[PDB]
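J.: A structural model of the following input is requested.
(chains A, B, C, D and E, ligands or ions: 22)
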Amino acid sequence: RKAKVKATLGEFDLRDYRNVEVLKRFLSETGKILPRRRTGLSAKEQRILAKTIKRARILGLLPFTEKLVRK
Amino acid sequence: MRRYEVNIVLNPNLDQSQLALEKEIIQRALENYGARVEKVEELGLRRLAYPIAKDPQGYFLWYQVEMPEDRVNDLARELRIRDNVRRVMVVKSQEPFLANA
Amino acid sequence: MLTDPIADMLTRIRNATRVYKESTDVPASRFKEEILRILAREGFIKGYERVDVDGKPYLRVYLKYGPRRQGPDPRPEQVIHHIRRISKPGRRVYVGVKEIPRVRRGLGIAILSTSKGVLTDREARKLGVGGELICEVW
Amino acid sequence: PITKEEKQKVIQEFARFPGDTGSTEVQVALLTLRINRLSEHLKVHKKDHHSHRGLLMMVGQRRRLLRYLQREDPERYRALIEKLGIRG
RNA sequence: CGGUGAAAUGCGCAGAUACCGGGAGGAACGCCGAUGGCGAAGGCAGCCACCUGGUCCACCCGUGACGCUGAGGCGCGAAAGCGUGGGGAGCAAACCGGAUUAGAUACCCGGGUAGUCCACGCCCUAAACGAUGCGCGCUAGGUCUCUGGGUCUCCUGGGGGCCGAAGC
Ligand SMILES: [Mg+2]
Ligand SMILES: [Mg+2]
Ligand SMILES: [Mg+2]
Ligand SMILES: [Mg+2]
Ligand SMILES: [Mg+2]
Ligand SMILES: [Mg+2]
Ligand SMILES: [Mg+2]
Ligand SMILES: [Mg+2]
Ligand SMILES: [Mg+2]
Ligand SMILES: [Mg+2]
Ligand SMILES: [Mg+2]
Ligand SMILES: [Mg+2]
Ligand SMILES: [Mg+2]
Ligand SMILES: [Mg+2]
Ligand SMILES: [Mg+2]
Ligand SMILES: [Mg+2]
Ligand SMILES: [Mg+2]
Ligand SMILES: [Mg+2]
Ligand SMILES: [Mg+2]
Ligand SMILES: [Mg+2]
Ligand SMILES: [Mg+2]
Ligand SMILES: [Mg+2]
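T.: Numbers count the residues shown, from 1 in each chain, chains lettered A, B, ... in the order given. Ligands and ions are numbered 1, 2, ... in the order given. The protein structure is shown below:
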């Protein structure tokens, strides 16, 4: 239990593909859509999120991929 | 008929009197294809996550319209001809799924 | 779908008993209740009682067992050791009187459907008639 | 698709008496709809082999209902067929 | 440079590889992604909209046995493969060359045509597998999971798994 992104957030719309400030938090240091293990999301939730992020990337708002910066 | 959500992304560099004219030509395609507009949100411009059309920003339009179903596809590739449009994405409206912890 | 409801009845009783159920319900039917009426007399079941499941006609069959046993498995002797359907749909089995059989040297039953009723092998052979050979029991 | 409003007007058209949400005639009717509606889709989409499957099922079902009605009340069978133009 | 156990064939001073920017093209969709879902099977995963099948739950409203199975028939049917046309990045039967080896005539490496891709028409086979026909009733429970409903501690449907009563 490193940190669950379900808790660090109030309530939001999972079908909202424009809410970058939320969505941003379900991706990794790379653009990669986090695993349900780190998202804490339901089984149904994760599939919905999944599509919303895809929609939003295609819109230009979220990244397909990043580059890992050795921090 | 059905209700949707028209998204459009334009390039950020349009001077006011040029950006005004894409907003009208949009609104006349809409007009044209039965698309009755319910409400609009100009979010202006955000910074993108990747270079769409080589430039790092993009100008954003949103339109909760009410087309007749079977013409939505025309509307889109009719919106998308206009050169200063970098991306169009129309999408069926759906009730928000809420989540917390 | 359901095709033999008398099979279904018998088999309901069979499976019930093997788990030592005290009783099981079976969707009702003038006929089935006759067969049960027989099984009652001959002591294979304590009796049946007509009941109602969700306003649906049913027949509560109350099963009968042996006494508990010693040894490492104590599940009572069965009373209905073997119940089995003979005439089935898609092969009916009619028997003339001088062809009605004997079940287990007289120790068992054959239940017969005749124009004079639902009879046991003995009951039928006494009234001098035969008919459809429904099941055998012991 | 078929909107509720559309289908309801079919129902009321064949309804054997005020409120009959689903007699034989009605079932055949609503089913006859769905079939033409789907068949038409299949003239355009000859590759939707999977949806054709459901069409046989719909058709075959329609036959069995009619088959029943023919035996049941042979008059209401003439009526219902003519009033929908079937068997051909 | 590439490449293997090592290495050569190959490519490179007509400037390759590595690096930045521009463009064209094809084919497949990383993360989500599961030991998950859907489908009658073959099979089906970027995103969107249109057209469309199956299906589950609640209400218990309508019909009133209208049901099940199914020789033949008819339709679907992975991959390879055939005909015509288009397409061709990557891959890659045959074939060409490098190595290995007692010999390779294969396994390894560098090439490469069919093919793999689209449409249309054929082909109709499979470890087409749950190697388990379809439909219905009956016969302890535990646990994990996808998905409905409730007076949602728990109760109640439909799927998917593991463990087990009786039995086999
Ligand atoms: Mg005789
Ligand atoms: Mg380059
Ligand atoms: Mg080319
Ligand atoms: Mg399945
Ligand atoms: Mg398979
Ligand atoms: Mg009712
Ligand atoms: Mg009646
Ligand atoms: Mg009635
Ligand atoms: Mg059938
Ligand atoms: Mg059949
Ligand atoms: Mg084939
Ligand atoms: Mg092929
Ligand atoms: Mg070919
Ligand atoms: Mg060719
Ligand atoms: Mg050689
Ligand atoms: Mg090779
Ligand atoms: Mg090659
Ligand atoms: Mg039910
Ligand atoms: Mg449940
Ligand atoms: Mg289950
Ligand atoms: Mg087991
Ligand atoms: Mg055992």
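J.: can you get me a residue count around the nearest residue to residue C:44 once chain neighbours are set aside?
T.: In space, and not counting its chain neighbours, residue C:44 is closest to residue C:80: 4.8 Å by C-beta to C-beta, 6 or more residues apart in numbering or on different chains. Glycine gets a C-beta too; all of them are placed from N, C-alpha and C. By the criterion of other C-beta atoms under 10 Å in any protein chain shown, residue C:80 has 21 neighbours.
J.: so who does residue C:80 touch?
T.: Residue C:80 makes contacts with C:13-14, C:17, C:39, C:44-45, C:63-64, C:137-138, as judged by C-beta atoms under 8 Å, 6 or more residues apart in numbering or on different chains.
J.: now for those residues, which pair is the farthest apart?
T.: Pairwise distances across the contacts of residue C:80 peak at 15.1 Å for C:63 and C:138 (criterion: C-beta to C-beta).
J.: center of chain A, which residue is that?
T.: residue A:26 (2.2 Å; C-alpha atoms, centre = their mean).
J.: please name the nearest non-neighbouring residue to that one.
T.: residue A:34 (5.2 Å).
J.: ok, now how distant is that neighbour from chain B?
T.: Distance, residue A:34 to chain B, by C-beta to the nearest C-beta, to the nearest Å: 14 Å.
J.: what sits against that residue?
T.: Listed by C-beta under 8 Å, 6+ apart, the contact set of residue A:34 reads A:5, A:26-28.
J.: who wins for neighbours among those?
T.: Neighbour-wise, the contacts of residue A:34 (other C-beta under 10 Å) top out at residue A:26, 21 neighbours.
J.: what sits against it?
T.: A:5, A:33-34, A:39, A:49, A:53.
J.: just these that are near RNA strand E?
T.: Of the residues in these, proximity to RNA strand E by C-beta under 7 Å from any atom of the strand holds for A:33-34, A:49.
J.: from those residues, which single one is nearest residue A:9?
T.: Nearest to residue A:9 among these is residue A:49, at 11.9 Å by C-beta to C-beta.
J.: ok, how many other residues are close to the closest one?
T.: Residue A:49 has 23 neighbouring residues, counting by other C-beta under 10 Å.
J.: next: residue B:33.
T.: 18.
J.: for the residue lying closest to it once chain neighbours are set aside, pull up the helix or strand it's in.
T.: Nearest residue to residue B:33 in three dimensions, chain neighbours excluded: residue B:75, at 4.4 Å (C-beta to C-beta, 6+ apart). Using DSSP states H and E, residue B:75 sits in helix B:72-79.
J.: circling back to that earlier point, quick one: the contacts of residue A:26 as JSON lines, columns for secondary structure too.
T.: Listed next are the contacts of residue A:26 as JSON lines, based on DSSP: H, G, I helix; E, B strand; the rest coil:
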{"residue": "A:5", "secondary structure": "coil"}
{"residue": "A:33", "secondary structure": "strand"}
{"residue": "A:34", "secondary structure": "coil"}
{"residue": "A:39", "secondary structure": "helix"}
{"residue": "A:49", "secondary structure": "helix"}
{"residue": "A:53", "secondary structure": "helix"}
